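Tertiary structure, described
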Amino acid sequence: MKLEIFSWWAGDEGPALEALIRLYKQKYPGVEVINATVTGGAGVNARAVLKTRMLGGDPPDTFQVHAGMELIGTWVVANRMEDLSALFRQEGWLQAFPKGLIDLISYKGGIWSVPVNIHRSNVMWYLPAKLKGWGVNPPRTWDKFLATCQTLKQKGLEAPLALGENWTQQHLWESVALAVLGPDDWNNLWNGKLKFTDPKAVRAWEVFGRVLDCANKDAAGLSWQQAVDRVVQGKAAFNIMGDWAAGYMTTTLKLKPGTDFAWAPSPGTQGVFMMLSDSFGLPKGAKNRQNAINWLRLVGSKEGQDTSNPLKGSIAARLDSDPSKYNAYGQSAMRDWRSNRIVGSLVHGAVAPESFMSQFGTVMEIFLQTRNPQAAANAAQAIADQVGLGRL
Ligand SMILES: OC[C@H]1O[C@@H](O)[C@H](O)[C@@H](O)[C@H]1O
């Protein structure tokens, strides 16, 4: 009796998963659980290893996958996943999750994964006591961000913005783009109604370049956790990162939400929640099909989600989630999830297929070397044209 769970929740990302696995083993003492993590932030490495496994005809029993175009445009369109519609009926999940989330996991009459959480992409992290020590406020717009960072440089803080490796630069970019475009024109990139070469979308790169000039110059070789660490250390004032950062700071670093660290929407994005969702499905050919199905039933349940998510920094995907199980951050995110305008993340798989996502890092490289907004815009448009962005 075995179950092989594939994810990128290695190292200090693992507590939430490990808690779920312990729950699973209580319920199913027969099963030996193989925790098959591929180490690498945002699944860049996991994507590559999964590709080798799937094309080699050696699927894991289940794998971490983002709800939306990431899921649909890769293993679903390739006819490598089982339709979970019957399981959804069995478990009452069509009423348990918000309709918009069901839509992201649904395609051509099937339902293809089970959401375990909701993460938010557009969060700015800072330390209220450090900000007071520097005599500044948290910025609510990109203009105020840039002005505050200049003030901070004058006060001796060389790199007021913490930043890491390539994907985290893309991560920062999607917050900047959302602020510059607003939610409607953000959405219009992904349905092809707004071109990347439109002046409105070229401006995202202009603002992004200015913001980049506030960042640590060693960013390229740092993990997302190391970039958060710079803020905790006061070697930076701000970091733009998903709320897995809240999980890190509380679960791993034991910081108190609200006093030892704080949060706001990314500048210019207040009232908009840029979401992503980690989900698990059922690959065809799974060696341990029933054990995988029982894992899906667990990760889709209130018991599972309210055990794991408080550790993770995400909120539950289930509508019936108990807010008393969440700290001050989780409760704040829960409120915003219900009240805000929702849009999807690019970097975390909601809005664009992997064909585009995987090439966007190249676009980002060419912005870092040229610092030319038009070149970056033109590059993103060329990729969009090559992959037929909007066709799925
Ligand atoms: O690695 C950092 C993060 O990457 C996201 O793509 C993922 O959805 C999160 O669960 C977390 O793992």
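By the method listed in its record, X-ray crystallography, this PDB entry was determined to a resolution of 1.560 Å.

1. Brief notes about the sheet that holds strand β3 (residues 62-66)
The mixed open sheet is built from five strands, whose spatial order is β2-β1-β3-β13-β6. The outermost strands of the open sheet, each flanked by one partner alone, are β2 (32-37) and β6 (114-115). Pairing between β6 and strand β13 (residues 278-280): two bridges, direction antiparallel. Its bridge partner being in β13, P115 is matched across the sheet by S279. Lying over the sheet, helix α1 (residues 15-27) contacts β1 (2-7) and β2, oriented at roughly 165 degrees with respect to β2.

2. Structural notes on the packing of helix α9 (residues 166-190) against helix α10 (residues 199-212)
With their axes 9 Å apart at the nearest point, α9 and α10 run at an angle of 155 degrees to one another. As summarised for this structure, α9 and α10 are arranged roughly antiparallel, according to the angle between their axes. For the pair α9 and α10, the sense of crossing is right-handed. Counting all contacts with α9, which are made through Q169, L172, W173, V176, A177, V180, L181, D185 and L189, the residues of α10 involved are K200, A201, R203, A204, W205, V207, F208, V211 and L212. Of the residues assigned to the contact of α9 with α10, the class counts are 14 nonpolar, one polar and three charged.

3. Side note on the site of the ligand
In the vicinity of the ligand lie 14 residues, with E13, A42, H66, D278 and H348 positioned nearest. Contact between the ligand and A42: an oxygen atom at 2.9 Å from a main-chain N or O atom of the residue. At 2.8 Å from an oxygen atom of the ligand is found a side-chain nitrogen or oxygen belonging to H66. Summarising the interface, the protein chains cover 100% of the accessible area of the ligand, which totals 310 Å² for the free molecule. Its residues assigned to classes, the shell around the ligand comprises six nonpolar, five polar and three charged. In this structure, the shell around the ligand is formed jointly by two domains, domain 1 (1-120 + 276-346) and domain 2 (121-275 + 347-392), each of which donates at least three residues.

4. Focus on the domain arrangement of the chain
Domain annotation of the chain identifies domain 1 (1-120 + 276-346) and domain 2 (121-275 + 347-392). Counting from both sides, the interface comprises 42 residues of domain 1 and, opposite them, 44 residues of domain 2. Interface of domain 1 and domain 2: buried area, both sides summed, is about 3900 Å²; carbon and sulfur atoms make up 60% of it. Looking only at domain 1, the three residues that lose the most surface to domain 2 are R120, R341 and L346, adding up to 25% of its buried area.

5. Concerning the environment of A48
Inspection of the secondary structure assignment puts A48 in helix α2 (residues 44-55). Judged by its relative accessible area of 46%, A48 is partly exposed. On a C-alpha basis, the gap between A48 and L212 in space is 28 Å, while along the polypeptide they are 164 residues apart.

6. Here we look at the layout of surface pockets
Quantified by volume, the largest pocket comes out at close to 530 Å³. What lines the largest pocket is a set of 26 residues, among which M69, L104, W190, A350 and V351 lie closest to the centre. Residues that form the lining of the largest pocket fall into these classes: 16 nonpolar, eight polar and two charged. Both domain 1 (1-120 + 276-346) and domain 2 (121-275 + 347-392) contribute no fewer than three residues apiece to the lining of the largest pocket.

7. What about the packing of aromatic side chains?
Using the criterion set out here, one finds 27 aromatic pairs in the structure. Seen from their ring centres, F261 and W263 are 5.9 Å apart, and the 50 degrees between their planes marks the pair as tilted. Overall, the relative accessible area of 1% leaves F261 in the buried class. The rings of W173, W186, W190, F196, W205, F208, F356, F360 and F367 are connected pair by pair, giving a single aromatic cluster.

8. Some remarks on the nonpolar core
Nonpolar side chains tend toward joint burial in soluble globular proteins. Ranked by size, the top nonpolar core spans 140 residues in total, and within it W186, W295, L346 and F356 carry the most contacts. A per-element tally of this core places α9 first, with eleven residues. For this core, the two domains that each supply at least three residues are domain 1 (1-120 + 276-346) and domain 2 (121-275 + 347-392). Leave out the neighbours within four places in its chain, and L346 touches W173, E174, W186, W190, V351, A352, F356, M357 and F360.

9. Description of the sheet that holds strand β11 (residues 262-265)
One open sheet holds the four strands; their spatial order is β9-β10-β8-β11, and the pairing between them is mixed. Two strands bound the open sheet, and with one partner strand each, they are β9 (161-162) and β11. Where strand β8 (residues 123-126) meets β11, four bridges bridge the pair, whose relative direction is antiparallel. Looking at the pairing, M124 lines up with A264 of β11.

Each value, and the rule that gives it
- Residues numbered from 1 in each chain as written, not as in the entry; some residues may be left out.
- Heavy atoms only, no water.
- Pairing = 2+ DSSP bridges.
- Helix = DSSP H or I, 4+ residues; strand = E, 2+ residues; numbered from the N terminus.
- Contact = heavy atoms within 4.5 Å.
- Axes fitted to C-alpha atoms, helices over the stretch in contact; angles between N-to-C directions.
- Parallel < 35°, antiparallel > 145°, perpendicular 65-115°, else oblique.
- Left-handed = near helix turned anticlockwise from the far one by under 90°.
- Nonpolar A, V, L, I, M, F, W, Y, C, P; charged D, E, K, R; others polar.
- Near = heavy atom within 4 Å.
- Polar contact = N/O pair within 3.5 Å; in protein donor to acceptor, adjacent residues only side chain to side chain.
- Areas by Shrake-Rupley, 256 points an atom, 1.4 Å probe, with all protein chains shown as cover.
- Domains from an automatic or database assignment.
- Buried area = accessible area lost by both parts, 1.4 Å probe.
- Buried < 20%, exposed > 50% of the residue type's maximum accessible area, 1.4 Å probe, protein only.
- 1 Å grid on protein atoms, 1.4 Å probe; cavity = no way out; pocket = protein on both sides within 12 Å on 5 of 7 lines; lining within 4 Å.
- Points joined across faces, edges and corners; volume = space filled by probe spheres on them.
- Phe/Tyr/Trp six-rings, centres within 6.5 Å; stacked < 30°, edge-to-face > 60°.
- Core = buried A, V, L, I, M, F, W, Y, C linked by side-chain atoms within 4.5 Å.

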